[PDB]
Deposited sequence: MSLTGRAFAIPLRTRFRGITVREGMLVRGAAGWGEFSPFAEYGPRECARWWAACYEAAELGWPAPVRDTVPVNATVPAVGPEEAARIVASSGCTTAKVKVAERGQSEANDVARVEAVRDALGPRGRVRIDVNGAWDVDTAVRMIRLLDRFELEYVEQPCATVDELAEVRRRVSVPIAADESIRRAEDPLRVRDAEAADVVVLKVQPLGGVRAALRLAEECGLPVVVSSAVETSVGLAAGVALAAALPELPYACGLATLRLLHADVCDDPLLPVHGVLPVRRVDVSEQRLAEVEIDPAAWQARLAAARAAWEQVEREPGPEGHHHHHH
């Protein structure tokens, strides 16, 4: 519709299992919001994704305490040579390296491209069992890891891994001694305000990451990072680079390792090029909204 449009954008390579980013853009009084939960999430889970979209489109975000936010490079599971080029071209001194999608060689290459002063984090997306996580982290440890994100699927597993490794683990989680850092993603958490509340309640240092959104969704991620007390860790919001296209003429692409805190303007021409019939997505959005309001 005029105010609710669906998109389908191919990524440049498979990342966390996906190769095509789909979702809806909704226009409200405050601007545009993005509702892009991955296919597997049911209405009860999607309810929070919609809440984030609604906040962005109709409510606005809490005022920022900083005008720019530091970002890290997101390196997908590509060859070590390509990984280095991505890092060298990122303009960022922190890089997240995807593993468990040549994993060791990729991390080595990234550390080499960044030099001794760079920061290297690992993205496992909960693919390892406890024992595999311990042996892989040990192998990757010689590259000096800032932290390893979600090595295992559950809290009990994260807790056991944490007892046996000497690198911080990113995921109450603190009460279970399952994490050193908590990763915040605006959409699944229900918006900037909801994410800010969790940041306080979790009682642990936090880092902001994205759900590989278009610039509309990333703008909300930047608003969250811009409203947090502090950012000891670079934010994983430089993911627009993983997509072949965006829905804005002035995309949220990092320069000098940072992103500006600003709203984005959806471009008719850009959106139309990646637009799809919204019927199915509108039905899905309706179910999520129903779950949220109830």
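Engineer: In sequence order, name the stretches of the deposited sequence that have no C-alpha in these coordinates.
Structural biologist: Going by the record, the segments left unmodelled (no C-alpha atoms) fall at 1, 103-108, 179-189, 313-327.
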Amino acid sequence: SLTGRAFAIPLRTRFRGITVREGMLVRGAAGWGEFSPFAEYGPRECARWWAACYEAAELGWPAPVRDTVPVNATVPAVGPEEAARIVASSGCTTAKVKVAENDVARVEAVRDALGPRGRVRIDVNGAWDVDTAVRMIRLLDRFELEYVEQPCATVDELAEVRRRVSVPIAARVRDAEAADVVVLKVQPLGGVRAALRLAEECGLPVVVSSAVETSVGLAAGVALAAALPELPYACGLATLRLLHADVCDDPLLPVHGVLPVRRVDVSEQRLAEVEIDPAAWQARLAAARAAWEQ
From here on, numbers count along this sequence of modelled residues.
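Engineer: According to the deposited model, is the average Cα temperature factor higher in 5-13 or in 268-276?
Structural biologist: Averaged over C-alpha atoms, the B-factors run higher in 268-276.
Engineer: So, looking at the entry's B-factor column for Cα atoms, which has the higher mean, 233-241 or 259-267?
Structural biologist: Mean CA B-factor is higher for 259-267.
Engineer: Maximum C-alpha temperature factor per the entry, among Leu140, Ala95, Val182, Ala159, belongs to which one?
Structural biologist: If I rank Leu140, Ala95, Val182, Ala159 by C-alpha B-factor, first place goes to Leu140.
Engineer: Sorting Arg193, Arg119, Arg164, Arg172 by Cα temperature factor from the record, which one lands on top?
Structural biologist: Checking the PDB record, the top C-alpha B-factor among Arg193, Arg119, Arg164, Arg172 is at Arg172.
Engineer: Name the third of the chain's ranked CA B-factors that contains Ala199, choosing lowest, middle or highest.
Structural biologist: Middle third by C-alpha B-factor.
Engineer: What third of its chain, lowest, middle or highest, does the C-alpha temperature factor of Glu213 fall into?
Structural biologist: Lowest third.
Engineer: Sorting by Cα B-factor within the chain, modelled residues only, which third would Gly42 end up in: lowest, middle or highest?
Structural biologist: Middle third - that is where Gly42 ends up once the chain's C-alpha B-factors are sorted.
Engineer: Thinking about Cα B factors across the chain, which third does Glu82 belong to?
Structural biologist: Highest third, going by the recorded CA B-factors of the chain.
Engineer: What third of the chain, by the recorded C-alpha B-factor, contains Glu58?
Structural biologist: Answer is middle: the recorded C-alpha B-factor places it there.
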